[PDB]
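One chain comes next, on its own, written as structure tokens: the form deposited in one PDB entry.
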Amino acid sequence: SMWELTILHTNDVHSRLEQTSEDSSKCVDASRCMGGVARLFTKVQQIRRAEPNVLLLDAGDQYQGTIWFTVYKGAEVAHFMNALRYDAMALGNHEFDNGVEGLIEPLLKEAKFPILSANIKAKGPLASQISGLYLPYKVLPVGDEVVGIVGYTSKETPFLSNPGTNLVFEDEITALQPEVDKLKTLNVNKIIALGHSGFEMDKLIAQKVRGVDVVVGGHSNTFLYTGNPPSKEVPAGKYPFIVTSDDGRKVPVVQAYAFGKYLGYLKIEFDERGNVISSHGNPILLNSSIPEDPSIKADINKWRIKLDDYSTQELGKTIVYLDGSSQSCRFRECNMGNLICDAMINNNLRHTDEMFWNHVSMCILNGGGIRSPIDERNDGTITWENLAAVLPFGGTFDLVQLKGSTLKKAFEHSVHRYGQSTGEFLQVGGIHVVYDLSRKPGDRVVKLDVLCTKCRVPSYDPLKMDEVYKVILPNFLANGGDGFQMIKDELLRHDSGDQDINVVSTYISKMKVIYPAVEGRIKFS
């Protein structure tokens, strides 16, 4: 006899509580709009009516992405995940963005479902206040059977977030294996690994961790599809991706892109000993054909009223597509990156003396900090809400003083593991950089010219290693984020800076009509 489990899954929803446009920015024309929690509820309930054994899972990164999270700070996540009746959630890196206190009080205390992470260990005074609010695993009854769900979270979280000194992030495979063994001793033969470390780590967990039957993932925003994909997203593999484990088993691995646009849907046929016989399915595109649930929509509309206080009024126009996509901004020069850096430099114009045209000419911006495009095809209108999707973190753009050697090392770090779609890839202003990706990590920056400061005519000259340059960058990078530890450790000065969205808003308002280009700021030999 066979037992079929239906795994429903989301990952990297990123405050997209409402429905969105095709590129996950604000919904304009509702006929061509997608996702949101109300539409998700409808599809989940169809499948719960139709299929006997159903789990709705989240693989982290609900926190952070839109004005919803700016205002409600995770209370919206707790409320609407409770309304959808999620069966479990794994902690992502962005769940620690407002500290451990910003995780506990909004999300963990208000959640009426298990929140999971096995590789996070509390220390000192936190252990008491946090104990039981997150777990390493959960055994869940599904029909007659039980299904174990073991949690995991990225080891990189302290480089990406504010977990603080009282949490330790263990290796995933090291931490997961004891907990999966413990589930075997409790007669749990069906074990799902739900977590937030990326597709490559998902494949490694599937390969190495004995007992794990399915891996449900996030963080890398991985779209997988079997057959013709139903929208703009390009699949990185078949759904599910089959990893062959070290003990001979076929382990399906799944991810459901991002932004609540798709609902993941995998049907696993298990045998009586909890071995995967087969598995099939695809991520279901949550298009306008699927209606929003009236009661959830009405409740979204209630929480929406506070957000309509944000000004409707046009900040300015764009006549170009502002390419703030990850596929551009983490791999090459993107025009959204140029815009933001030009805005940053424009903000710091203080023409004080005859020697310098301006004291700062230079900008670096982590590409992973650019979180949305802005589409030009609604009369070119840019609103604050559109910019809030690009820059959702409530950060500042700060001035630092760096040695050229420190800057060189940052640009080496920018491409040290190029190809993985990680956020450390640097968008720039007043810097022309050339990479050679054939060369070894730490030796890929072949040309690095910078715009002169001590000059009346701005022009590009080679970066000198022992010269000190003033650079505008995000506070995230000033505090050593994205593994830019050389910046925090070697910086000579660090001033407080202006709020990130306001800087870019001011520039767009001053310029009125914008048309930023890709100009060869970043080249590859």
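We call the rigid core whatever largest set of C-alpha positions still superposes within 1.5 Å between the two forms. Sequential numbering from 1, following the sequence displayed.
- Two stretches are in play, 406 to 414 and 158 to 166, and the higher mean C-alpha B-factor belongs to 158 to 166.
- Mean CA temperature factor is higher for 463 to 471 when stretches 58 to 66 and 463 to 471 are set side by side in the entry.
- Out of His280, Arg371, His432, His196, it is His280 whose C-alpha atom has the highest B-factor in the PDB entry.
- In this entry, the residue among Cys455, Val77, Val446, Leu307 with the greatest C-alpha B factor is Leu307.
- Per the PDB record, residue ranking by Cα B-factor puts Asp482 in the lowest third of the chain.
- Placement of the Cα temperature factor of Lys43 within the chain: middle third of the modelled residues, per the deposited record.
- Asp181: CA B factor in the highest third of modelled residues in this chain (values from the PDB entry).
- When all modelled residues of the chain are sorted by CA temperature factor, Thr506 is found within the lowest third.
- Sorting the modelled residues of the chain by their CA temperature factor places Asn119 in the middle third.
Form deposited in another entry: not shown, discussed below.
- Superposed on the rigid core, the two forms differ between this form and the one not shown by 2 Å or more at the C-alpha of one listed residue only; from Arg273, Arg417, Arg350, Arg377 that residue is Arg350.
- Core-superposed comparison between this form and the one not shown: the Cα of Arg249 travels less than 2 Å.
- Relative to the superposed rigid core, the position of the CA of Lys184 differs between this form and the one not shown by less than 2 Å.
- With the core held fixed between this form and the one not shown, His359 has its Cα displaced by at least 2 Å.
- The distance between the CA atoms of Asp353 and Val450 is at least 3 Å longer in the other form than in the form shown here.
- Relative to this form, in the other form the C-alpha atoms of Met344 and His351 approach one another by 3 angstroms or more.
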